[PDB]
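Data first, discussion second: the structure below is written as C-alpha cells.
Readers should treat all values here as calculations from the given coordinates under stated rules, not as data from a laboratory. Please note: Cβ atoms are built from the backbone with ideal geometry, for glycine as well, and neighbour counts cover all protein chains shown.
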Amino acid sequence: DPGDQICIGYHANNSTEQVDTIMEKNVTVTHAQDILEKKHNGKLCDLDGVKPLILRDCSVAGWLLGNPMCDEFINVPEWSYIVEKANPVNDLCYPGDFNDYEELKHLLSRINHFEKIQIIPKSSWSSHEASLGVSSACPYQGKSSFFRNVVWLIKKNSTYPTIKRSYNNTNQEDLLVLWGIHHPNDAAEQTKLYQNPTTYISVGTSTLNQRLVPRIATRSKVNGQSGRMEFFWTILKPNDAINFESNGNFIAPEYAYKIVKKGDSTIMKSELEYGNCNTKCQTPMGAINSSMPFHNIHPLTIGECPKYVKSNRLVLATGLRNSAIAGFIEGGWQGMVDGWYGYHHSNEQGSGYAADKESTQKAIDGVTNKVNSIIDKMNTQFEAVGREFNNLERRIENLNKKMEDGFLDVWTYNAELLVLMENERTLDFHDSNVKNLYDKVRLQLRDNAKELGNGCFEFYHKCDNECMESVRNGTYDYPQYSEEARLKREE
Amino acid sequence: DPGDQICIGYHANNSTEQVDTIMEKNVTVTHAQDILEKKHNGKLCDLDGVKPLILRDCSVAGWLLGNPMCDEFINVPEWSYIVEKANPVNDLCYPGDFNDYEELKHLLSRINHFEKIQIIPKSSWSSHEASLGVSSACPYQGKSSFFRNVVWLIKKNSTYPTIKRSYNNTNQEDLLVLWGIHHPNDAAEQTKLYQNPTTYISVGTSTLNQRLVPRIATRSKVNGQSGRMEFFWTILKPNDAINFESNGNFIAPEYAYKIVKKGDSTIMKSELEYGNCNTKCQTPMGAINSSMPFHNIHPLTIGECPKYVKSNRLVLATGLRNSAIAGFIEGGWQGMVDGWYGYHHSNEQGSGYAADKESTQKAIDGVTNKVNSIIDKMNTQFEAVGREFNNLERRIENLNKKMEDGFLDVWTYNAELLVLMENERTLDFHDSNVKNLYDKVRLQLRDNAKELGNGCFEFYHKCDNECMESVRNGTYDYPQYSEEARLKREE
Amino acid sequence: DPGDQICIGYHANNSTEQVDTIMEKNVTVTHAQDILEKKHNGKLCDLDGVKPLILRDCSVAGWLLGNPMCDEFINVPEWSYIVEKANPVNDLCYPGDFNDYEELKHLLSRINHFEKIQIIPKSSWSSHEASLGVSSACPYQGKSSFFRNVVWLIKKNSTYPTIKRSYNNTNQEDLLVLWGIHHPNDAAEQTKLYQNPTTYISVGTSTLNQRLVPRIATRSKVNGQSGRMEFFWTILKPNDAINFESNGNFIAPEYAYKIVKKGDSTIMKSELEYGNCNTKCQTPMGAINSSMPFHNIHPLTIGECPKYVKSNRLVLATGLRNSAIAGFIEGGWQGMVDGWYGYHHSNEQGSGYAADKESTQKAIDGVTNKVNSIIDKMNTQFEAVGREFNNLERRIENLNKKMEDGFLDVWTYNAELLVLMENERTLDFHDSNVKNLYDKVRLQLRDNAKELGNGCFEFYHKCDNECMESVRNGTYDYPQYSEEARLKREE
Ligand SMILES: *[C@@H]1O[C@H](CO)[C@@H](O)[C@H](O)[C@H]1NC(C)=O
Ligand SMILES: *[C@@H]1O[C@H](CO)[C@@H](O)[C@H](O)[C@H]1NC(C)=O
Ligand SMILES: *[C@@H]1O[C@H](CO)[C@@H](O)[C@H](O)[C@H]1NC(C)=O
Ligand SMILES: *[C@@H]1O[C@H](CO)[C@@H](O)[C@H](O)[C@H]1NC(C)=O
Ligand SMILES: *[C@@H]1O[C@H](CO)[C@@H](O)[C@H](O)[C@H]1NC(C)=O
Ligand SMILES: *[C@@H]1O[C@H](CO)[C@@H](O)[C@H](O)[C@H]1NC(C)=O
Ligand SMILES: *[C@@H]1O[C@H](CO)[C@@H](O)[C@H](O)[C@H]1NC(C)=O
Ligand SMILES: *[C@@H]1O[C@H](CO)[C@@H](O)[C@H](O)[C@H]1NC(C)=O
Ligand SMILES: *[C@@H]1O[C@H](CO)[C@@H](O)[C@H](O)[C@H]1NC(C)=O
Ligand SMILES: *[C@@H]1O[C@H](CO)[C@@H](O)[C@H](O)[C@H]1NC(C)=O
Ligand SMILES: *[C@@H]1O[C@H](CO)[C@@H](O)[C@H](O)[C@H]1NC(C)=O
Ligand SMILES: *[C@@H]1O[C@H](CO)[C@@H](O)[C@H](O)[C@H]1NC(C)=O
C-alpha cells in the first residue's frame, strides 16, 4: 500500500522549433538543424587567396586599349575572376567593334601573371605621323586624344610609305597583341589621312594569315564620328614572331601584354565593394563560408559552392516530438534534464529520474550521422556561372538557361522531399526506440510486476535502488524474487 | 457462456487497383492515385491567353519577304510561339540564303507587337526600274513575279546610277529591316541587268558597317535559275537611321516591320489544328492542364509543364493492402463501410462495427499530405524546348541532346524509385497503425479480459455499450471492474 | 523438470562484409551486393558489332587529304566511333587550315558506308602541270611530295589558262569533296607559280556559292614553308553537280568520298590496342559489360553506359546484421544452416533448429526485388561524350563542362544517399520480421506457455514434435491443451 514502481518515458523542453514531415506540417520538435545557407557578407573577397579584378567604370575592351577616361587600378599582376558593372560608361571612346570580344573576356577571366610591355616604340615611326592620330570622341585634359596602348598612324608631308614591322616574342611567356583598322566615311577622308586611295593591312604569324581592307558606308555619328575603328588580337606563342604590313588605315600596336593562363573562371556583374576577406564561394550579393550543402542567395556564383535551391527553409528534425508519474503513453517528462529516453523509479529509498545512457547514445550518434551524411556526401566542384553570350548567340544563351533552370528544378525538389521523408523517418525512429525500451523491461520482469497501462510497472515485491539498476542494466535476476513475488500475487 | 468481446480490424473493399513497392510487385490495394499526366487535347491552343503563329505551308523566311505563293494569315499583331510544318513547301522562291536565319527565327518566336510599315515607296525609284525585277522562279497569277516586301531594281535606258537612301526610324519602336544582293551567273547577266560591271552595296547604321560584293560561280539550276539571292537584316533602334548605297545587284527594302520583344520562346513542328482553347503547357501532339508533376506525352513542350518522364504508370498507394468475427490477424472487414481502422464489439445489447474516427483522421490527413507534398513541392518554370540548330551546328545540337536525355534519365529514375519506396512506406504505416490500436486497447484492459490470439479480447465481466465507448474513447476505468473480473477469473 | 521449449531466432555466419546506413558506419552484415562497376578490359572493342577507326599517328585531316607519311589502315568501309591520339604527329604536312574542321570530324565520327572514288583524273590536266606541285614540307621516299588525294596545279610553258570543270554525282550516295587554295608569300612566288597576278577560285553547287582569293602576308616558316594551304569541303547531294573555276592557286580534287551517314557518335582520345571484343560501353581506358547502374572508371564514354559517379563503393545490405539455447534477444544462431528467420524447439523426442520457409521467402523475394528495382529502373540511352570544341569555342566548351560536372554531382549524391537510406530500411525490415514471428507464436500459445524473456517460451504441457509443427504452421489448437495446461499452472 502501495507497491514499488518503474516507468519508461522520454525527454521534453520549452523548444518551439517546428519541422515538416511527408505527412505532418508544423510539428513542434525538441531541437532541429537548418541545412540551407541564407547568409552572405555583402562584399567581394579573394578566392583561394587571390584578388579579383574590379573595373570601376571601364570594360575589358576599354581597359586593354587604354581609353583615356579609364582612370582605373593600372598595376595588378594576377587575378581570380573579373568584375564589370551592368553597362560600364567607358568602353570604346572612338566607335566600332572588337573581333571575338567575348572569347577574349573568357580568356582574361583568370590570369596567373599579366605584365604589359612595349613591342613597337611610339618614337620608332620616323616616316609616318604618330602624334596626329587624335579625336574629340576620346577627350583627356579637355583636349582631343586616343587609346594610349595603340597608335593612329597618319601620312607625313603627303606620303604614307608602306610599313613592314616584324616583332619576335623573346619573353618566356605567351603575348596578347592588339591592333586595328580605321573604316573612314568617304574617299576624301581616306586620302586626306593615308593619301594612298586603295589600302590594306596584312598580319602574319605561324597561326595567323590576315588581310583587312577598309569598308566605306554612310554611317550615323556616335560620339560625333561616323568613322569606325575595328580592333583584333592574337596570342603570340613564346618564340614566334608577328609581321605587319600596311598601305594605310593601320592602328599599330605600341604595348602588348605577357599572360600566363591556368584554367578559366568568368566575368561577374556586381555593384559591391572589395572587403579584404578570403572565401571559396563568391556571389554577386556577397561571399559564403559553406559548411551547408544548399543555399538560396543568388544563382550566378564562382568557386566551390552549395547547390542553388529555390527555397526559404530546409530544417532537419534531430530531437523528439515535443510534448504516480505517468510514463511515455501520456507524454514526455520535462524533468528528464539529461538523456533522450530513460526511466522514473519510486521505492522505499525514494523517487528519481534516470537516463538510459546506452539507448540515448545510439540515438544521438545515429541522428548526428544522418545530418553529417546529408552534408559530407555532397560532391562540391569549382564552377564559374557567368553570362558569356552576345545578342546573336541568344540560341546558345537559351541552351545555358534550360541547363541552369533544369538543375535548379532537380536540386530544389530533391532537397524538399529529402527533408520531408528523412524527418518522418527520424520521428518514427524516436517512437520505435521508446517502445523497444518498454519491452526490454516488460520482458525482464514478467509476473514479478504488473503492466499499469500508462507505461509503468508496479512491482510484486521489494525493489530497492540496487534491484532498479539491474532492470536499467538489463541484469534483473527473476528466480531471485520469483517466490517473494508468487505470494504477494496469490491474494 | 459466452463472455462479452471487442476486436480490432481494418477496412476492405472490391477494389482491384494494383501498386508496386520496392519489394512487392502487383499489390492489390484499397484506393490509389496516378501522378503521371498521359492525356492531351490533340490541338494547338493559346498560351497565357495569347494566340500562336501557325504558318500553314510558308516559313519565317518566305513569310517575312513576301513569297507570292505564301497565301497565309496576313494581319496578326502579337503571338506566343510559332508553328512551322516539317519541310514547308513555300520558302525562298528565287534560290539563295538568309544571313543569321536561325538567330532571327529565335528572335521572332515571341513578339509582343508586330506592325509592317513602308520605309521606301516602290514609286520613289524615278531613275531605276522597279517593276522589271521579276522571275519565273516566283510565279503568281501564272505570270512571273518576286518577293512582295522587297524590290529588284534594274537599270533604266542603259544606266544604273548610284543609289543613296537614308531612312530614319521615327516610330516609338525598334524596326526589323530586310534587303538582299543578287549573285548572277556571268558578267553578261551582270551588265545586261545593272550595266556597271564592278558593283557593291554598302549599308550603315550606328551598329552596322556592311559592304557586300556579288560573287560569280557556275551554279546548278534551282527552280530553273542558276542565279542566287542572299538576304540580310538588322534591328534599327528607335531614333537611329540606316543608309544604303549601291552600284547595282541591290534588292531594296520596300516594307520593314515594327517589333516589341518581351522574352523568347521557340518554333514548334506540328501538323495540328488551332482549337480556340487556352493552356499553360503546349505539346506538338496537344495541350495539357497539369496538376500532375509528371507526364509521358512528347518532350518538345512550351510553357510551365510537368517534367517529361519515360514511363507508362506512376501510381501512389493511398489506401490499405486489400483482403466470433475474427480481428485484423485473419484479414480486413468488408463490413467496415466507413473508417480505415476500427472495432467490432459483441455484448448483451448486440454486435456492431465502429470506426476509429481519431486514428483514421491522422491516417487520411497523413496520406493526403504525402500525395500533395510529392506534387506541390515541384518547381515549375516556363521553358521552350525547340530544335534551333542548322546542320553546321551539329556539335551544339548534340550538346543540347545530352542535356535533355540527361535530365530525362534523372527524372524518369527518381520518379520510379520515389513511388516504389514511398508505397512500401505507406503500407508499413497502415500496419504500424492497426497494431498500435490493438496495444492501445490491450494496455487499457490488462487482466479484466483475455487476448484470444485472432485479434479480439474476451471480457472477464459485463461490458455494456457504455463500457465499450470508454475502451474506444480510451477512458476505460479498470478499478471499477477489477473486482467483478477477479472472481470470474479465479475458477 | 524441466518443461518443453520453443525459441524464435535468426541466421548468422562468418561473413565480415561491411555496409553503411544513414545512421551507422561499418555495419557487419550477413551478405551484401556492390552496384558500382569498377572493372574494364583495358582494350578498344566493337560497338553493337561494328569496328571503330583507330588512326595510329594520322588525324581526320591528314587521313582525308593523303599526307604521304600517313602510312595507316587504308581500306575500311564503315565504323562506329573514331580514335585519335592526344597530339597526332602527322596532320597537315604543308602548313595551313581546314575550314569547319570540327563540324567535319563530328560528321565522320560514325559512317555506315565509306568508299573513296576518283572524280578528276590526275591525267586529265592537259594544259597545266599536275606533277610539279610538290614540297619538301611533305617528304615521302626522302623526295619532296604532296597530299595524295588532291592536286597542286602549276602553269605550263608560262601559262595558267582558266580551269572550268563540272563533276556530276551519278553514284547512289552523297559525296564528301575536298579542295584548297595556296596562299603564297609574295607576288614573285604568285606569278612564278600561276603566272596571272590576280587569281581566284569560284566553286558552285545548288547549295554552295564560293569565291576564294589568295591572301598575302609575311608569315613565319613552319616545316620551312611561309606558304599556307587552306582546304574546304562540301557534301554533294546524290544527283547534283559541283563546278570549279580558277585563275590559279587552285589545289584541285583528285579523289572524293561516297558516305552514308546514320546518326552521330564522337572521336575518342586513347593510347589503347584493339582487342577483337564486342561491347555496348567503350571508355578511353577499356570497355564494360554493364549489368550495374553505376560506374567510376572514366567519364568520356561511348554507348549505352552506367551513369558515371565519383565514388569507390556502393554496397547494398541484402542479408541481416551479423552477430536452454537463447532466442533472438541474445543474438543470431550460427546453427541456422539454412533459413533467415526460424525456430529452435527442445522436447522429449529431442532438440532441433527449424527454418520459417514462409517468412524467409517473403524476406528473400523482397530483398531480391529491392536490388533489382534499383538496377532495372535505370533508363539507359546511347550517348557519346567527346571534346568537340576548338580554342575559340572555350565558352561553349565551358557550357559542356558545367552540364557534365552538374550531372555527375547529382548522380554521385543520389546514389550515396539511396544506398545509405535503403540499407537502414533493409536492416529495420529484418528486425520488424523477427519480432513479428515472436508475436505470431506468443499470440497462439497465450497461457498454455510462459515468456522466458530471452526470446523462448517454456510450455505448461507436453508439446511433442507434432504439436511444434502446429505452432510453426500457425495451426496450434489451444482448447485441445487448455485443461492439461491449467493444472500444471495452478501450483
Ligand atoms: C504553420 O505555422 C505558421 C506559424 O508560424 C503559419 O503561418 C502557417 O500558416 C501554419 N500552418 C501550415 C499548414 O503551414
Ligand atoms: C615633302 O618633303 C619635303 C618637305 O620638307 C619636300 O622637300 C618634298 O619635296 C615633299 N614632297 C613632295 C612630293 O611634295
Ligand atoms: C625569334 O628569335 C629567335 C632567337 O634568335 C629565333 O630562333 C626564332 O626563330 C625567331 N622567330 C622566328 C619565327 O623565326
Ligand atoms: C548492472 O547493475 C548491477 C546492479 O546495480 C551492477 O552490480 C553491475 O554494475 C551491472 N551488472 C553487471 C553484470 O555488470
Ligand atoms: C502483374 O499484373 C499484370 C496483370 O494485369 C501482368 O501482366 C503481369 O505479368 C503481372 N506480374 C508482374 C510480375 O509484374
Ligand atoms: C537614254 O535616255 C533617253 C531615251 O529616252 C536618251 O535621250 C538618252 O540619250 C539615252 N542615253 C544614252 C546614253 O543612250
Ligand atoms: C532621326 O531624326 C531625328 C529627329 O529629327 C534626329 O534627331 C535624329 O538624330 C535622326 N537620326 C540620326 C541618326 O541622326
Ligand atoms: C468517452 O466515453 C465516455 C463513455 O461513453 C463518455 O462519457 C465521454 O464522452 C468520453 N469520456 C470523456 C472523459 O470525455
Ligand atoms: C571502417 O572500417 C575500416 C577498416 O576496414 C577503417 O579504415 C575505417 O576507419 C572504419 N571507420 C569508419 C568510421 O569509417
Ligand atoms: C610555249 O609553248 C611552246 C613551247 O614548246 C612555244 O611554241 C610557245 O610559243 C610558248 N609560248 C610563249 C608565249 O612563249
Ligand atoms: C547530273 O546528271 C543527271 C543525269 O543525266 C542529270 O539529270 C542532272 O540534272 C545532272 N546534274 C545537274 C545538276 O544537272
Ligand atoms: C500444419 O501442421 C500440422 C501438424 O503438423 C499438419 O497436420 C498440417 O500439414 C498443417 N496444418 C494444416 C491445417 O494444414
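Across peptide C:201-212, the mean count of Cβ atoms from other chains lying within 10 Å of each residue's own Cβ comes to 5. Residue by residue along B:377-387, Cβ atoms of other protein chains within 10 Å of the local Cβ number 4 on average. I need the shape label for the range A:448-491. Rule: rounded when a/c is under 1.5, else prolate if a/b > b/c, else oblate, with a, b, c from the alpha carbon gyration tensor. Taking the square roots of the gyration eigenvalues as a ≥ b ≥ c, the range A:448-491 is oblate. Between the range A:417-433 and the range A:1-65, the C-alpha centres lie 20 angstrom from each other. Cross-linked pairs C:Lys269/C:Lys370; B:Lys435/C:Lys450; A:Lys402/C:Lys43: Cα-Cα separations exceed 30 Å for C:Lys269/C:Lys370; A:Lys402/C:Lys43. Only helices enter the 222 nm calculation for chain A: every DSSP H run of n ≥ 4 contributes -39,500 (n - 2.57), and dividing by all residues gives -7500 deg cm²/dmol, rounded to 500.
Along its first, second and third principal axes, ordered by size, the range B:51-272 spans 50, 40, 29 Å in Cα coordinates. Only the Cβ atoms of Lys and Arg (+1) and of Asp and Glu (-1) were treated as charged; on that basis the dipole of the protein assembly as shown about its Cα centre amounts to roughly 10180 debye. Other residues within the sphere of radius under 11 Å centred on the Cβ of C:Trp233, judged by their own Cβ, net out at -2 (K and R +1, D and E -1). In the distance distribution for chain C, Cα-Cα pairs more than 42 Å apart total 48 percent. Using only the Cα atoms of the range A:321-453, each taken as one equal point scatterer with no solvent, compute I(q) by the Debye sum, divide by I(0), and report log10 of the ratio at q = 0.11, 0.13, 0.15 Å⁻¹. The Cα Debye sum returns log10 ratios of -0.63, -0.75, -0.89.
Run the paramagnetic zone check for B:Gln172: 7 angstrom along Cα to Cβ, then residues of the range B:73-114 with backbone nitrogen under 13 Å. Under cut-off, by backbone N: B:113-114.
Give me the Debye-computed log₁₀ of I(q)/I(0) at q = 0.04, 0.06, 0.07, 0.09 Å⁻¹ for the protein assembly as shown, equal point scatterers on Cα only, no solvent, two decimals. Scattering profile of the protein assembly as shown, log10 relative to I(0): -0.39, -0.75, -0.92, -1.33. Protection proxy ranking for A:30-40, A:136-146, using the average of other Cβ atoms within 10 Å per residue and placing the highest first: A:30-40, A:136-146.
Rounded to the nearest 20, the size of the Cβ-charge dipole of the range A:420-490 about its Cα centre is 160 debye, with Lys and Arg at +1 and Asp and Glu at -1.
Just to verify a number: FRET efficiency for A:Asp34 and C:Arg442, C-beta to C-beta distance, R0 = 51 Å, to 0.05? With a Förster radius of 51 Å, E is 0.70. Between A:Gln349 and C:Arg313, the simple spin-label model (points 7 angstrom out along Cα→Cβ) gives 4.6 nm. Between copies, B:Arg211 shows label-point distances of 1.4, 1.4 nm, shortest first, with the point placed 7 angstrom from Cα along Cα to C-beta. How much of the pair distance distribution for the range B:1-157 lies past 24 Å, counting alpha-carbon pairs only, in percent? For the range B:1-157, the fraction of Cα-Cα distances above 24 Å is 60 percent. Putting +1 on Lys and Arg Cβ atoms and -1 on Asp and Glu Cβ atoms, find which of B:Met378, B:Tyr200, B:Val260 reaches farthest to the positive end of the dipole of chain B. Going by the Cα projections, it comes out as B:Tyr200.
Here r is the Cβ-Cβ distance between B:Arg387 and A:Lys237 and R0 is 45 Å; the resulting FRET efficiency, rounded to 0.05, is 0.65. Return the whole-Å distance between the Cα centroid of the range B:322-357 and the Cα centroid of the range C:316-360. What the calculation gives is 36 Å, centre to centre. Summary of the geometry: the range A:206-221 and the range A:274-299, compared by the centres of their Cα atoms, lie 44 Å apart. For B:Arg486, inter-copy separations between label points set 7 Å beyond Cα along the Cβ vector come to 2.2, 2.2 nm, shortest first. Pop the C-beta distance of A:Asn278 and C:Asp71 into the FRET formula with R0 = 45 Å and round what comes out to the nearest 0.05. Rounded to the nearest 0.05, the efficiency is 0.20.
Extending 7 Å from Cα along the Cβ direction at A:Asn41 and again at C:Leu487 yields two label points whose distance is 8.8 nm. Peptide C:404-416 has a mean shielding of 6, counted as Cβ atoms of other protein chains within 10 Å of each residue's Cβ.
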